[PDB]
Amino acid sequence: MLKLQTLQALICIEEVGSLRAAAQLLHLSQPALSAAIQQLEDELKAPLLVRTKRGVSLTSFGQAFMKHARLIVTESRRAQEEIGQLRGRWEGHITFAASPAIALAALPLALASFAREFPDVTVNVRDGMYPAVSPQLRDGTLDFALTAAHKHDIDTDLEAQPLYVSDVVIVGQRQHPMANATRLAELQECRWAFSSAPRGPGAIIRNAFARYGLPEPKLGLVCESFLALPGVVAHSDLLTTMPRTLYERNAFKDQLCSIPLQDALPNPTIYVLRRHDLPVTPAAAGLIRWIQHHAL
Amino acid sequence: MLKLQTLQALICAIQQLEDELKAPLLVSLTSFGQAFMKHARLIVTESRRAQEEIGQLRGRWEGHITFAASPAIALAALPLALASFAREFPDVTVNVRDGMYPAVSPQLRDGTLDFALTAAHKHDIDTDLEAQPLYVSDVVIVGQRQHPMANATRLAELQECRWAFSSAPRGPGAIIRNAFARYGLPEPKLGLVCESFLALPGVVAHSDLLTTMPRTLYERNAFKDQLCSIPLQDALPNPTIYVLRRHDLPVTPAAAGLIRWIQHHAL
Amino acid sequence: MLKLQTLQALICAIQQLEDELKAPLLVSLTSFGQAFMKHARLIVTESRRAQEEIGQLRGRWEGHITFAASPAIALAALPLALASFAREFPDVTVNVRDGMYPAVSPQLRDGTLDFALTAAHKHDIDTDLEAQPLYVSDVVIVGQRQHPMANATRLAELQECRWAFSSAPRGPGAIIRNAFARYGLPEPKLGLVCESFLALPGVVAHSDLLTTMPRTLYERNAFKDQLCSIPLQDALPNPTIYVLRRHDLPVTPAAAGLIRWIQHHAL
Amino acid sequence: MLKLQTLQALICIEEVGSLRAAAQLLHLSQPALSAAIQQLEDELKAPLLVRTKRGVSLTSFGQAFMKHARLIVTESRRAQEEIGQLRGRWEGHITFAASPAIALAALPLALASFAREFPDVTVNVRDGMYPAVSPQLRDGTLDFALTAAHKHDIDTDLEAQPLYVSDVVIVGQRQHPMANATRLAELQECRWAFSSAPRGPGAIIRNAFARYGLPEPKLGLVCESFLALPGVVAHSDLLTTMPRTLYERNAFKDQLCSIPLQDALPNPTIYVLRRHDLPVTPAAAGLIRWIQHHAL
Ligand SMILES: Cc1ccc(S(=O)(=O)O)cc1
Ligand SMILES: Cc1ccc(S(=O)(=O)O)cc1
Ligand SMILES: Cc1ccc(S(=O)(=O)O)cc1
Ligand SMILES: Cc1ccc(S(=O)(=O)O)cc1
Ligand SMILES: Cc1ccc(S(=O)(=O)O)cc1
Ligand SMILES: Cc1ccc(S(=O)(=O)O)cc1
Ligand SMILES: Cc1ccc(S(=O)(=O)O)cc1
Ligand SMILES: Cc1ccc(S(=O)(=O)O)cc1
Ligand SMILES: Cc1ccc(S(=O)(=O)O)cc1
Ligand SMILES: Cc1ccc(S(=O)(=O)O)cc1
Ligand SMILES: Cc1ccc(S(=O)(=O)O)cc1
Ligand SMILES: Cc1ccc(S(=O)(=O)O)cc1
Ligand SMILES: Cc1ccc(S(=O)(=O)O)cc1
Ligand SMILES: Cc1ccc(S(=O)(=O)O)cc1
Ligand SMILES: Cc1ccc(S(=O)(=O)O)cc1
Ligand SMILES: Cc1ccc(S(=O)(=O)O)cc1
Ligand SMILES: Cc1ccc(S(=O)(=O)O)cc1
Ligand SMILES: Cc1ccc(S(=O)(=O)O)cc1
Ligand SMILES: Cc1ccc(S(=O)(=O)O)cc1
Ligand SMILES: Cc1ccc(S(=O)(=O)O)cc1
Ligand SMILES: Cc1ccc(S(=O)(=O)O)cc1
Ligand SMILES: Cc1ccc(S(=O)(=O)O)cc1
Ligand SMILES: [Cl-]
Ligand SMILES: [Cl-]
Ligand SMILES: [Cl-]
Ligand SMILES: [Cl-]
Ligand SMILES: [Cl-]
Ligand SMILES: [Cl-]
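Rules behind the numbers
- Residues numbered from 1 in each chain as written, not as in the entry; some residues may be left out.
- Chains lettered and ligands numbered in written order.
- Heavy atoms only, no water.
- UniProt positions renumbered as here; feature names shortened; annotations may be inferred.
- Salt bridge = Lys/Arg side-chain N within 4 Å of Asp/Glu carboxyl O.
- Helix = DSSP H or I, 4+ residues; strand = E, 2+ residues; numbered from the N terminus.
- Buried < 20%, exposed > 50% of the residue type's maximum accessible area, 1.4 Å probe, protein only.
- Patch = residues over 30% accessible without salt bridge, like charges linked within 9 Å, V, L, I, M, F, W, Y side chains within 5 Å.
- Areas by Shrake-Rupley, 256 points an atom, 1.4 Å probe, with all protein chains shown as cover.
- Contact = heavy atoms within 4.5 Å.
- Axes fitted to C-alpha atoms, helices over the stretch in contact; angles between N-to-C directions.
- Parallel < 35°, antiparallel > 145°, perpendicular 65-115°, else oblique.
- Left-handed = near helix turned anticlockwise from the far one by under 90°.
- Nonpolar A, V, L, I, M, F, W, Y, C, P; charged D, E, K, R; others polar.
- 1 Å grid on protein atoms, 1.4 Å probe; cavity = no way out; pocket = protein on both sides within 12 Å on 5 of 7 lines; lining within 4 Å.
- Points joined across faces, edges and corners; volume = space filled by probe spheres on them.
- Domains from an automatic or database assignment.
- Buried area = accessible area lost by both parts, 1.4 Å probe.
- Polar contact = N/O pair within 3.5 Å; in protein donor to acceptor, adjacent residues only side chain to side chain.
- Pairing = 2+ DSSP bridges.
- Near = heavy atom within 4 Å.

The deposited coordinates, according to the entry record, derive from X-ray crystallography at 1.950 Å resolution.

Labelled according to the PDB entry, chain A appears under the name LysR type regulator of tsaMBCD, originating from Comamonas testosteroni. The deposited PDB record carries the title "Crystal structure of TsaR in complex with its effector p-toluenesulfonate". The UniProt entry for chain A carries the following text under Function: "Regulates expression of the tsaMBCD1 operon and of tsaT in response to p-toluenesulfonate (TSA). Acts by binding directly to the promoter region. Binding to the tsa promoter depends on TSA concentration."

The name the PDB entry gives chain B is LysR type regulator of tsaMBCD, with Comamonas testosteroni as the organism. According to the UniProt record, the Subunit comment for chain B is "Homotetramer. Dimer of dimers related by a twofold axis." Regarding chain B, the UniProt comment filed under Sequence similarities reads as follows: "Belongs to the LysR transcriptional regulatory family."

So this is what it looks like as structure tokens:
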């Protein structure tokens, strides 16, 4: 029998006056309790109980022992209570960062399903991209981050699981002079709104121009805000690069076109990043599952 | 004495700087290095603004402007102001980012931002910052188009709802929390916290969570047809959007030009 | 339910404990593991005391006593009390360490110490602890034997001196700081801080630093001939040394025996 | 010329009305200042100064430039001031741990000499031994620790420099029955006061008994306090092991003897331990030097 059950039973025995009554009250087997008490007495090398006409009383030894037994039972209960309070607070909240692509399609659908499964959980969704999320992830504030990244850039102490392989698209105002272009070379005369990338503003288009043997793309402006980007492009002759999800889901869709080139652009891999050592709550694990699920 | 050329490298020789300070700056930045960095940023950015301004006074309109914009600004006036600015000043490099008060303050103080366009409570604004009113905005309560409370007209009717606490100068959910409080209601029941304005409309469209947002954002997002605004007849705040700057920094001619175009289109 | 055998291993199977708690305990202890440890220590130490006490009630005088002793105790009464105790109780294992209030408190609370012998201010003593007066001590001011102020008779004459702030229940230098304050003097000028009573006499003997120490320590150290006590006629405190225990823990027969010998020799 | 000197000079020029007067006031060479200003003007592509009958005035351009120059000069001064405040507080205090051997001989002599060289420095000497000092050393609270250690036990991220090779001695009451012993084997019947060691209470004597092919030494008691140890031994028949310095320097010398065996005991190496990456203040470096000096 578990020692704690045996101590709890002993406290009950003192209270109700009988080993048989204690076992029944606590839903323990009588023979198992009687054996467990005997085993404990053999270990202590003294009897804890003496028979009387109508039950058992504690012996002098059991009296002394009981003072400790009560402290041990209370302490076990308090420990369970403190841990429950601390685990409840840990398990009851999620803080993570999400990139625009996740934020715009999967995240909305994932949160509703997540909430049905984990009704008692608060979510704190931050705007975030690597490597800005790297240090927030590193101290413990962020439970995980969801972002495009180049696998070989990710800090060695971070775990990384592929979430979805994304699309990027070149976007301009709906009547842009270069809308019919099929080659990146045909865009050399255009000016660019450099957008946010893990490798810095304009990293994608600059890398594209480079691998195609073109000069540096002409900087029109730097727009780190994906929120602002579609509107800014819609009201200019600037071209930009954005996640396909943002092109599909923005307030200026009717004022914009994509320029589908026969030249290839990257398909950024979006990763779930966590600190490797950290243990993961049920809810955080469930949310990731739900986000995975809706990232078809 | 400090060598100013070395500062623009620290942000990116060091031993001479460490010897000038007589303290370690690198080990990652030491505790001294972090304290040192805010100063080095102001010195470097001021030095660049000084040179750019002189070129502008000579008719060479080149240089840099870096600024932050809160969501309503970014969606309405900003595309039009950036377009007009680019026509008048074709050779100035502009860098726009998202930002909200008070998160923008340290970046106004170290000169990394020329200005920020953001809602703020006037009495909360730090004394070293100037605040020029730009816009008086409108806030609405938003839910999925078929929300159970889509036809509610009083805050009281929304008591049992869960909220996507949205971001604000006084913290997430501050407008709804204060509104609930002023109207004699208990704390708004939180469903989740959503800092991201980009993500918020879609999160609300695919849940039963209510939120508060600038009327601009309600009228300009990708989920408009899946959303509604609650037809409240209880009054909500109208936040003032300001142009915020560190007051003692002289505005460059180019940044003054952009602020002017922003003021024009906001009006 | 917890398995008590596993607790005595955690201090030194785990997955069953982690599953019982439903929280990670190891990763180094997790934040839960640290919170868990104080409880596990009390449970394990109480379990051992319970068994030892029963053997003692049966005339088997074996078991363990672990206690802390402040410097004056350790030097005067303790050698004589441990000797007398060992004669009466030859088979009990005793473990003595240095310790002072309030540093000893958590170790009284988690059962790792049966008791502590230490100076304390009665009104500072935490409500779950019992305090039994043991000794009223004497404090002296000490300096190198040829100190410029060796013949000073008033605290006022020591104003310009530098102090080896020595350790105390209210913090380093607390007795001299409070004495200076009560006598209407400025803060004592600190020369250095010396936590170590073992090192203090030798540090004072080979510098011009004054300190305060228990009269016992002054009369019992290896640097006596190189030291003096300042013949002050201003009054200094006489700290009470207590036997401190966590009150709700039943004292074992063996520990009661040792406390008795300690009380005898202190008297 | 340093740009900051040039800006400071420019501010002075505005104030005193003349480049010549500014150079003299600031103790700068006139030709060097005139060249530095010209160089700056060439870089700005505008003149900062215009000649008048009795000096120079700022041009319109210099006026605009001066507003920035003043902010830059002030900021440089404030930076120096903040760093000075932070460095002064860093350099003005030392916190370290010291073991009994150090604490009893070298430390006393080292502190006086240290104080003459670094009068403006507060020292905070903690009682300490490895590996208890290991974590205090690890977070930043301790600047260094001075302790016996086994080289191969020391945490890999800690630097360790040998300070002194120590002696340990077996000690008993002055008339101990085994005082004339010459072999460890002759002490097998004795009971021991287990003393503090880096490897745990009684580690040294237990290791000694072991390498000599003897049984476990008989435990009399555990005395973790080196302060209490000499007195406890003096009033018993217990034997112990202690640093030679403690045997030489304690209040019970007349009541104690050492038992100099022909069998060898260890000579623990005392190390200065620091975190490897951490930069070291002049004072802490000086104190270590002084402690090294007095550890002959
Ligand atoms: C065990 C026990 C003790 C005493 C009695 S009595 O004789 O009936 O009082 C009966 C049974
Ligand atoms: C079974 C049982 C045992 C003892 C008694 S009594 O002697 O009347 O208390 C009654 C009934
Ligand atoms: C008569 C009687 C039988 C059995 C017990 S018991 O051992 O406490 O369960 C008490 C009294
Ligand atoms: C450049 C870039 C930015 C963001 C993303 S996203 O993580 O798929 O939204 C992909 C690529
Ligand atoms: C960045 C990004 C956004 C959207 C998509 S898509 O889901 O493949 O259309 C891919 C990548
Ligand atoms: C921006 C970006 C991120 C990631 C990749 S990927 O390495 O092909 O997954 C390519 C481009
Ligand atoms: C609550 C709130 C958040 C943000 C704005 S905004 O500055 O107009 O985008 C106004 C009001
Ligand atoms: C100088 C200037 C630039 C741009 C415009 S705009 O065409 O109205 O945007 C008007 C005037
Ligand atoms: C400091 C300060 C000034 C003003 C206000 S307010 O009146 O609530 O906006 C609050 C706090
Ligand atoms: C620029 C701008 C910001 C905010 C609004 S409003 O909130 O819809 O009134 C309108 C226009
Ligand atoms: C995180 C989260 C997502 C969705 C909801 S709910 O749609 O209001 O039930 C609540 C909480
Ligand atoms: C200040 C002070 C420190 C320590 C003691 S003791 O507890 O008597 O050793 C008494 C007084
Ligand atoms: C029981 C007992 C033990 C020891 C002594 S003693 O010789 O006075 O220390 C007296 C009495
Ligand atoms: C709580 C408390 C009780 C008593 C004192 S005392 O009177 O200064 O010793 C101080 C503080
Ligand atoms: C045990 C003991 C402690 C303290 C003193 S006294 O401080 O010298 O009076 C004497 C004896
Ligand atoms: C650290 C330190 C400070 C002061 C002195 S003293 O000059 O001998 O008083 C010695 C040692
Ligand atoms: C440079 C300079 C400017 C003006 C005069 S003035 O003609 O004597 O006033 C002399 C010299
Ligand atoms: C050298 C010198 C230059 C100019 C004058 S002034 O014309 O009288 O001001 C006097 C002397
Ligand atoms: C007459 C005169 C000569 C030189 C200068 S200076 O160039 O400002 O030093 C000012 C005035
Ligand atoms: C066991 C032991 C403890 C302490 C020292 S000491 O560092 O030389 O004092 C050496 C050996
Ligand atoms: C631990 C310790 C203390 C003292 C000495 S001694 O300096 O070599 O005598 C060595 C070692
Ligand atoms: C306790 C102790 C510490 C260190 C050494 S040593 O490894 O030989 O320096 C031996 C024994
Ligand atoms: Cl039995
Ligand atoms: Cl607000
Ligand atoms: Cl203008
Ligand atoms: Cl005190
Ligand atoms: Cl007793
Ligand atoms: Cl020029």
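Undergrad: Lay out the pattern of salt bridges in plain terms, naming residues and giving numbers.
TA: For the coordinates displayed, the defined rule picks out 54 salt bridges over all chains. With its nearest N and O atoms 2.8 Å apart, the salt bridge here joins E46 of chain B to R49 of chain B. You can see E46 of chain B and its partner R49 of chain B sitting in helix α3 (residues 31-57), three residues apart, about one turn around the helix. With a relative accessible area of 0%, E46 of chain B lands in the buried category. For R183 of chain D, the salt bridge is made with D263 of chain D, and the minimal N-O distance between the two is 2.6 Å.

Undergrad: Now, about a nonpolar patch on the surface: what can you tell me, with residues and values included?
TA: Taken together, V16, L25 and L26 of chain A make up a surface patch of nonpolar side chains, about 230 Å² in accessible area. Topologically, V16 of chain A is positioned in helix α1 (residues 3-16).

Undergrad: Residues and numbers for the UniProt feature "domain: HTH lysR-type" in chain A, please.
TA: If you check UniProt for "domain: HTH lysR-type", the listed places come out as residues 2-59 of chain A in our numbering. Counting secondary structure, residues 2-59 of chain A comes out at 64% helix and 14% strand; the distance between its end C-alpha atoms is 22 Å.

Undergrad: Can you break down the side chain of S105 of chain C residue by residue, with the values?
TA: Residues and elements named next belong to chain C. In this fold, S105 is placed in helix α6 (residues 105-109). Among the residues examined, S105 registers a relative accessible area of 2% and is labelled buried. Setting aside residues up to four positions removed in sequence, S105 forms contacts with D126 and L129.

Undergrad: Just give me the short version of the packing of helix α1 (residues 3-16) of chain D against helix α2 (residues 19-26) of chain D, but keep the residues and values in it.
TA: Residues and elements named next belong to chain D. The geometry of α1 relative to α2 is characterised by a closest axis approach of 8 Å and an angle of 125 degrees between their N-to-C directions. In terms of orientation, α1 lies oblique with respect to α2. In this structure, the crossing between α1 and α2 has a hand that is right-handed. Taken together, the residues of α2 that come into contact with α1 (itself represented by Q8, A9, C12, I13 and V16) are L19, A21, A22, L25 and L26. When grouped by side-chain class, the residues that make up the contact of α1 with α2 number nine nonpolar, one polar and no charged.

Undergrad: Outline empty space enclosed by the protein, supporting the account with residue identities and numerical values.
TA: Residue and element names in this part refer to chain A. The computed volume of the largest cavity comes to approximately 230 Å³. Along the walls of the largest cavity sit 24 residues, with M129, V168, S196, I204 and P243 positioned nearest its centre. Its residues assigned to classes, the lining of the largest cavity comprises 17 nonpolar, six polar and one charged. The two domains that each donate at least three residues to the lining of the largest cavity are domain 2 (93-165 + 268-296) and domain 3 (166-267).

Undergrad: Can you tell me about the environment of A22 of chain A, naming the residues and giving the values?
TA: All names here are of chain A. Within the secondary structure, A22 sits in helix α2 (residues 19-26). Between the C-alpha atom of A22 and that of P230, which follows or precedes it by 208 residues, the distance is 74 Å. Ignoring anything within four residues of it in the chain, the contact list for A22 reads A9, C12, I13 and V16.

Undergrad: Residues and numbers for the interface of chain A and chain C, please.
TA: Reports of interface size often rely on the accessible area that becomes lost once the parts have come together. The interface of chain A with chain C comprises 29 residues on the first partner and 29 residues on the second. The junction of chain A with chain C conceals about 2800 Å² of combined surface from both sides, 72% of it contributed by carbon and sulfur atoms. Across the contact surface, chain A and chain C share one salt bridge. Taken together, chain A and chain C are joined by eight residue pairs in polar contact. Broken down by secondary-structure element, the contributors of at least two residues to the side of chain A that touches chain C are α1, α3 (30-44) and α4 (60-91) of chain A. Broken down by element, the side of chain A that touches chain C gets its largest block of residues, 18 residues, from α4 of chain A. Considering only residue class, the side of chain A that touches chain C consists of 14 nonpolar, five polar and ten charged.

Undergrad: Describe the sheet that holds strand β11 (residues 256-258) of chain A, with residues and values.
TA: Residues and elements named next belong to chain A. An order of β10-β7-β11 is seen for the three strands of this open sheet, with the pairing classed as antiparallel. Only two strands of the sheet have a single neighbouring strand rather than two, namely β10 (240-243) and β11. Ignoring strand direction, the axes of neighbouring strands in this sheet form an average angle of 45 degrees. Note that strand β7 (residues 168-173) and β11 share three bridges and pair antiparallel. Paired with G172 across the bridge in β11 is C257.

Undergrad: Residues and numbers for the site of ligand 3, please.
TA: Residues and elements named next belong to chain A. In the vicinity of ligand 3, the residues found are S18, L19, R20, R51, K53, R54, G55 and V56. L19 places a main-chain nitrogen or oxygen 2.7 Å from an oxygen atom of ligand 3. Interatomic distance of 2.7 Å between a backbone N/O atom of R20 and an oxygen atom of ligand 3. In isolation ligand 3 exposes 310 Å². Once the protein is present, 76% of that is buried. Elements supplying a minimum of two residues to the shell around ligand 3: α2 and β2 (55-58).

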